[PDB]
Structure formats: structure tokens, C-alpha cells
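Trainee:
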Amino acid sequence: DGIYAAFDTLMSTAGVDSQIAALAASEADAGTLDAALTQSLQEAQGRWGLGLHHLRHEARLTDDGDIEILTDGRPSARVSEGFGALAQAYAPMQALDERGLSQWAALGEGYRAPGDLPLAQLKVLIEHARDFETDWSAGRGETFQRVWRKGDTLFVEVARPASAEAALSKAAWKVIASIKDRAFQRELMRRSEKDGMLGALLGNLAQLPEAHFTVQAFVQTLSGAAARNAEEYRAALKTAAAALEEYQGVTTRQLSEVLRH
Amino acid sequence: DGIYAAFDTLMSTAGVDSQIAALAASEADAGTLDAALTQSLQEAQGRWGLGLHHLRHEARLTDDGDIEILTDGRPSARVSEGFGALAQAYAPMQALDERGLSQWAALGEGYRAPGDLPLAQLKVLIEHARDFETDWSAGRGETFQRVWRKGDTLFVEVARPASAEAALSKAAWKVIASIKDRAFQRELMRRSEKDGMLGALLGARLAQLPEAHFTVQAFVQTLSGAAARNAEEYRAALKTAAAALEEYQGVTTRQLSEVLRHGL
């Protein structure tokens, strides 16, 4: 239904198939739906790239038929408010450097190992340290990555910073190149010289979550004895990168089919 | 295809239709050609944004059928050495700040008035001073601008510095769009997501490319006689030259494009 379908819509900009409207239609119970909405919000958060791993993200159902999104137990926003408001709630919590990567430690304030360590030193932290966290390191294909352990869990992030407007602007690259009417094409090209590619194309998205959230990162997790295993980290690092290029590819494509429709 | 077409190709890079190949073939008179090379060469220098207004530019025919490019009467390059050769002959002579603007005065060493002068004060200079020169200021449209007078001629320069790389990039986009075979278009568009754009378009086939070394970065409007001492003639001069610079940028981008479609 309305709120459920909208939440769903938001999760999709992070490649999360939360299926919530169907769960609600299944006559699922309040706590079940809450668990499901919260679980999906956490996945999305790890792919949105906001750099907020240190906050706890919950989402709950309201008696007035809303969904209330929360971060560290404080009410941040309600789905019924629109996604741009969800954006504007997150913003002052964030801290991007000029590379658009999060300046926060996932573990909260403290020491961070450098991102460029030798596998031998990294292998020792994995095996024999409790909690640890490294900084960003430049990887294959303009991507960035960092590793950190919290409790029984190892986290691998692989990121490729690209704003929502960036994501839209690469979608306008493909929509213009695809156009079968060379008159409208050349006209949009001149108007693209003068207002960028997206503005030219626009001449309602504000309401679409694609305007405020896009896929920017992928987090891969290990648990138990895997989270103390150096072969398991390197598999997981490769996994997360493939995943990242996948979901960024899907979302570029689905966002193109939107920019036309 | 001959040294005249070589010179004609080099002049197209500033959007100067020299018509040298057609003159050389016409029934015109002896010596009219050297004059034409120099006339066409000086105009080209106004648009290249090299910052060499203080030097004198000449082009002549040599004894062995070549075209010699001169600076202050000294042999700087030969057209037959290609255009890159001309680029590095100019290089030791240049002096660009961080933005792409010449640090040389157009009038040689001497006092330069501020570039951010008030219009009432720039006017006095335009109505009553003899020779003068301002520094670069910014203008409208992410442009820059300065103005000098040498003699009876006012010189209004508007500039939008660009690397010949980005200009080649902008011409690649225009071409990969006009592409007819939608399959190869999507192939190029995907490589362009990976290997860059002008990268992936060159990859289907440049230092020989004239536009690889020279680009329209600026334009100099000129006033003479009575207009040259007229402050409203000056403010209009500035709008003309920004419009010019957009035009010749557009002409030279459409040219470089039609060049990139050959060899696909």
C-alpha cells in the first residue's frame, strides 16, 4: 500500500528488494514488518554510501500508518515526508571529504590503521586483534576500500563515490546517445552545453528517490571463524567489488529507463 | 597535399579561412601570397590564446617551397615540420599563469593598470591617455578580459582558456551521438564509461591532428579612430568579442568533429 510501496521504492535505489508491500499484504504482524523494514534500511545504508556505519539505523511502523526512520534511537524522518526530507535529515550527520568518501570511522572515534598495509600486517590484525579499523585505500578502477572488525563480524567496503546528480547525469549520457530524432538530439546537445546534460533533458524527479539516493558502495561481511581468516577477507574483498560494479550498473540502467518514461 | 593546404589546415584551427590554396592558384599578383600568410597568421594568433601580442608575427615562402613562420624576424618553424613542431617553437616564448592566461603585457614592460578598475576610471583612460594596458580581470560567462591601446587601435581581449585535450573531448561527445550504427554507438558509449571518451573514440583508429596543439581560447576585438576613444564602444566591444569567441569555438569544435568521423 502507499507508505509500504514508497518504502520499497526507496530501497530499490540501493538494489535492495525489500518486498515489504507484499509482506504487509501477506497480513504479516507488526513486529515482523518492523524487523523487515529495519533489515532493509540497514542494507540500503551500507550501499547508499552516506558514511554512517557508526549510527544504529532502525525503521518502524506508526499508528497513523507511517514509517518512521531512526538513527541512534532518535526520530530522523517519516516516509510520508518525501525522500528529499530523508536526504536533508541525513546531511548534517555526514562528513564527506573532497573525494566524497566518509571521514568518519565506522567504529567511532579512535585510531585507524592506514589503508595501504602489507597483507602480512593485515593478516595479523585479522587473526589476533579484537576490534580494528583501517582508512581508505585506492583500489582497482578508481574504487576505494576499507576493512574494520566490530565484535564477531568483519566488514569489507568497496566504494565508488558518485553523487545522485552524477548518477542522473550518466543516465542522461545514455538517453541522449540513444535518441532516434537527430533534430531533438542536436537541440538537447546545445541546451546541454548551456545547462548540463540532465537540465537539458528535463527541459517530478524531485519526488523520485533516484534524485537523492544512489548506489555508491558495497559492504561484504564475514562472521565467526571467517572474520578471523585472511583468505576469507580477500575473497570477500573481490566479492564486494564485483557486487559494487553490478548494482551500480543495474541502477544506471533502471534510472535510464526512468529518464525516458 | 601541398604546403599551402598545410598552412590552410593550420589556420582552420583558429577558424581562419585563409584561402591560401585558392589564392596560390588564382590569377592574383606576385607577392600577394606572403602578405596573405602573414595576414592570416596574425589573426590566428589573436584566437589561439598563446599570449604573444608583444612579438611580431610573419609567414613567408622560402627558397625550397616551404612556408617559414617568423617571430620578431627570426625563423621559428617550418610548416612542413607539422603543427606540433610549431607548438614547441612557441612554448619557450610563453608564460601562462594557473588559469591559462598570458602573464606578458601586450605592450611590453611598463605599468599595467588594475584589471578591476571602476568603469568611470577606465573611461578616462579610454578618452584621454595615450598607450595603456589593464591586467586580466574576470568577465561574464566564466570569461576573462583585458584591454590595451597601441597607437590608434584599441584592443579588447576576451578569453576562455582550455586545454586542446578538453576541446578534443567535447568534439568526441558531439560525434559519439551523431553515430548512425546504434550497436557501435553503445559499444563506444560503454568503452567511454571505462577507458574515457576521446580515448575510446581514438581507439577505433592525435599528434598529426592540427587541433591537438592549437585551439581557440580567446578573441581580440579591435577599435580604430574615434570609436577607440569611446567608453561605450568599449563595453560593446566586450560583448562582440565574447560572442565571437563562442562562435569560433563552435566552428572549430564542429570541424574537429568532422575530422574525427574520418577513420572510424
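Those protein sequence lines, which keep their order, are chains B and V. Using full-length UniProt numbering, the letters of the first sequence map in sequence onto residues 27 to 229, 238 to 295. Using full-length UniProt numbering, the letters of the second sequence map in sequence onto residues 27 to 231, 239 to 297. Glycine included, each C-beta is placed from N, C-alpha and C at the ideal position.
Name, going along the chain, the residues of the region 157-172 of chain V whose beta-carbon falls closer than 9 Å to a beta-carbon of chain B.
Mentor: Those would be none; no residue qualifies.
Trainee: Select from the region 198-210 of chain V all residues with a C-beta closer than 9 Å to any C-beta belonging to chain B, and list them in chain order.
Mentor: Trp199, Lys200, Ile202, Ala203, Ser204, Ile205, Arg208
Trainee: Please work out which residues of its chain come closer than 8 Å, Cβ to Cβ, to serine 189(B), disregarding the five sequence neighbours upstream and downstream, and give them in chain order.
Mentor: Position 163 of the first sequence, counted from the first residue, corresponds to residue 189(B). Excluding sequence neighbours, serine 189(B) sits near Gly126, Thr248.
Trainee: Report back the beta-carbon spacing between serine 195(B) and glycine 222(B) to the nearest angstrom; my notes put them in contact at under 8 Å.
Mentor: Mapped onto the first sequence, residue 195(B) falls at position 169. Mapped onto the first sequence, residue 222(B) falls at position 196. Yes, they are in contact, since the Cβ atoms of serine 195(B) and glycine 222(B) sit about 7 Å apart, within 8 Å.
Trainee: Distance check for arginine 175(V) and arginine 156(V), CA to CA, integer angstroms please.
Mentor: Position 130 of the second sequence, counting from 1, holds the residue named residue 156(V). Position 149 of the second sequence, counting from 1, holds the residue named residue 175(V). Approximately 7 Å, taken between the alpha carbons.
Trainee: Can the beta-carbon of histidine 80(V) be found less than 8 Å from the beta-carbon of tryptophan 162(V)?
Mentor: Working through the second sequence from its first residue, we reach residue 80(V) at position 54. Working through the second sequence from its first residue, we reach residue 162(V) at position 136. Their beta carbons are not under 8 Å apart, which means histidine 80(V) does not touch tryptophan 162(V) by this criterion.
Trainee: Rank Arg262(B), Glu191(B), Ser52(B), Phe210(B) by C-alpha distance to the C-alpha of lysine 149(B) and give the top, closest one.
Mentor: In the first sequence, the residue the question calls residue 149(B) occupies position 123. With distances taken between Cα atoms, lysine 149(B) lies closest to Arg262(B).
Trainee: In the DSSP assignment, find the unbroken beta strand (DSSP E) run with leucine 87(V) in it and report its ends.
Mentor: Here residue 87(V) refers to the residue found at position 61 of the second sequence. 83-87 is the span of the beta strand (DSSP E), which, as asked, contains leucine 87(V).
Trainee: Tell me the DSSP secondary structure of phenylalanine 247(V) in three-state form.
Mentor: Reading the second sequence from its first residue, position 214 is the one you call residue 247(V). Looking at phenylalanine 247(V) - three-state DSSP - the assignment turns out to be coil, as it is neither helix nor strand.
Trainee: Looking only at C-alpha atoms, which of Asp178(V), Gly177(V), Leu151(V), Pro187(V) sits nearest to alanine 164(V)?
Mentor: Counted from its first residue, the second sequence places residue 164(V) at position 138. The option with the nearest alpha carbon to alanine 164(V) is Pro187(V).
Trainee: Roughly how many angstroms separate the alpha carbons of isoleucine 29(B) and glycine 141(B), rounded to a whole number?
Mentor: Here residue 29(B) refers to the residue found at position 3 when the first sequence is read from its first residue. Here residue 141(B) refers to the residue found at position 115 when the first sequence is read from its first residue. Taking the straight line from one Cα to the other gives about 41 Å.
Trainee: Taking 8 Å as the threshold (C-beta atoms), are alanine 121(V) and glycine 177(V) in contact?
Mentor: Against the second sequence, residue 177(V) aligns to sequence position 151. Against the second sequence, residue 121(V) aligns to sequence position 95. Not closer than 8 Å, so no.
Trainee: Using a Cβ-Cβ distance cut-off of 8 Å, determine whether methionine 215(B) contacts chain V.
Mentor: If you number the first sequence from 1, residue 215(B) lands on position 189. True, the Cβ-Cβ gap to chain V drops below 8 Å.
Trainee: Can you check the region 138-189 of chain B for any beta strand (DSSP E) of at least 3 residues that lies completely inside it and give the ranges in chain order?
Mentor: 170-176, 179-185
Trainee: On the three-state DSSP scale, how would you describe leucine 256(B)?
Mentor: Here the question's residue 256(B) lines up with position 222 in the first sequence. Here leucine 256(B) sits in strand by DSSP.
Trainee: Between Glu84(B), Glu69(B), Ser38(B), which lies nearest to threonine 255(B) when the distance is taken from Cα to Cα?
Mentor: Start at 1 with the first residue of the first sequence, and residue 255(B) comes out as number 221. Taking only the C-alpha atoms, the option nearest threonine 255(B) is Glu69(B).
Trainee: Any idea if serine 218(V) is buried or exposed, counting beta-carbon neighbours within 10 angstroms, 16 or more meaning buried?
Mentor: Reading the second sequence from its first residue, position 192 is the one you call residue 218(V). The residue is buried, with at least 16 neighbouring Cβ atoms inside 10 Å.
Trainee: For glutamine 282(V), is the classification buried or exposed, using 16 other Cβ atoms within 10 angstroms of its Cβ as the cut-off for buried?
Mentor: For the purposes of this step, residue 282(V) is identified with residue 249 of the second sequence, where counting begins at 1. Its Cβ being crowded by 16 or more others within 10 Å, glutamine 282(V) is buried.
Trainee: Decide if the region 196-206 of chain B is in contact with the region 192-209 of chain V; the criterion is three or more beta carbon pairs, one per stretch, under 8 Å apart.
Mentor: yes
Trainee: Let me know the secondary structure DSSP gives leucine 133(V) once reduced to three states.
Mentor: Counting from one through the second sequence, the residue named residue 133(V) turns up at place 107. Three-state DSSP puts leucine 133(V) in coil, outside helix and strand.
Trainee: Among the candidates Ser38(B), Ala40(B), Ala31(B), whose CA atom is the shortest distance from the CA of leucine 49(B)?
Mentor: Locating residue 49(B) in the first sequence gives position 23, counting from the first residue. If we check each option's Cα against that of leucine 49(B), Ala31(B) comes out closest.
Trainee: Looking at the unbroken alpha helix (DSSP H) that takes in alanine 70(B), where does it start and where does it end?
Mentor: Taking the first residue of the first sequence as position 1, residue 70(B) is located at position 44. From DSSP, the alpha helix (DSSP H) with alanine 70(B) extends over 56-74.
Trainee: What is the DSSP secondary structure of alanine 240(V), reduced to helix, strand or coil?
Mentor: In the second sequence, counting from the first residue as 1, residue 240(V) sits at position 207. Three-state DSSP puts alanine 240(V) in coil, outside helix and strand.
Trainee: Based on Cα-Cα distance, which residue from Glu244(V), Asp123(V), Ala277(V), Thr97(V) lies nearest to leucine 36(V)?
Mentor: Here residue 36(V) is taken as the residue at index 10 of the second sequence, counted from 1. Closest option to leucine 36(V), Cα to Cα, is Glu244(V).
Trainee: I believe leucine 63(B) touches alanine 85(B) by the beta-carbon criterion, under 8 Å. Please report the beta-carbon distance rounded to the nearest angstrom.
Mentor: Walking along the first sequence from the start, residue 63(B) turns up at place 37. Walking along the first sequence from the start, residue 85(B) turns up at place 59. Rounded to the nearest angstrom, the Cβ distance from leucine 63(B) to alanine 85(B) is 4 Å, consistent with a contact under 8 Å.
Trainee: Distance cutoff 8 Å, beta carbons only. Does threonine 35(V) sit that close to anything in chain C?
Mentor: Absent from the structure is chain C; the protein chains it does hold are B and V.
Trainee: Determine the DSSP secondary structure at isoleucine 205(V), reduced to helix, strand or coil.
Mentor: Residue mapping note: residue 205(V) aligns to position 179 of the second sequence, counting from 1. If DSSP states are grouped into helix, strand and coil, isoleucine 205(V) belongs with coil.
Trainee: How far does the beta strand (DSSP E) with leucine 278(V) in it reach, from first residue to last?
Mentor: Here residue 278(V) refers to the residue found at position 245 when the second sequence is read from its first residue. Where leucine 278(V) is concerned, there is no enclosing beta strand (DSSP E), although the alpha helix (DSSP H) it sits in stretches over 264-293.
Trainee: Select from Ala185(B), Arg294(B), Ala276(B) the residue whose C-alpha is nearest the C-alpha of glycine 229(B).
Mentor: Position 203 of the first sequence, counted from the first residue, corresponds to residue 229(B). Nearest neighbour of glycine 229(B) by Cα position, chosen from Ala185(B), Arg294(B), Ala276(B), turns out to be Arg294(B).
Trainee: With a 10 Å radius around its C-beta and 16 neighbouring C-beta atoms as the bar for buried, classify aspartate 123(B) as buried or exposed.
Mentor: If you number the first sequence from 1, residue 123(B) lands on position 97. Result: exposed.
Trainee: From which residue to which residue does the alpha helix (DSSP H) around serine 38(V) run?
Mentor: Within the second sequence, residue 38(V) is the residue found at index 12, counting from 1. 29-38 is the span of the alpha helix (DSSP H), which, as asked, contains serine 38(V).
Trainee: What did DSSP end up calling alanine 111(B) once you bin it into helix, strand or coil?
Mentor: Looking up residue 111(B) in the first sequence gives position 85. Three-state DSSP puts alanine 111(B) in a helix.
Trainee: Looking at the unbroken beta strand (DSSP E) that takes in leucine 96(V), where does it start and where does it end?
Mentor: As a working mapping, residue 96(V) is identified with position 70 in the second sequence. Element bounds for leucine 96(V): 93-97.
Trainee: I need the DSSP call for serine 44(V), collapsed to helix, strand or coil.
Mentor: For the purposes of this step, residue 44(V) is taken as the residue at position 18 of the second sequence. In the structure shown, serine 44(V) sits in coil (DSSP, three-state: anything other than H, G, I, E or B).
Trainee: Between the Cα of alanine 275(V) and the Cα atoms of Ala259(V), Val184(V), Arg287(V), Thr285(V), which residue gives the shortest distance?
Mentor: Position 242 of the second sequence, counted from the start, is the residue given in the question as residue 275(V). Selection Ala259(V), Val184(V), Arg287(V), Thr285(V) evaluated against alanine 275(V) yields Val184(V) as nearest (Cα-Cα).
Trainee: With respect to the alpha helix (DSSP H) encompassing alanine 226(V), which residues constitute its N-terminal and C-terminal limits?
Mentor: In the second sequence, residue 226(V) corresponds to position 200, counting from 1. Here the alpha helix (DSSP H) through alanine 226(V) covers 223-228.
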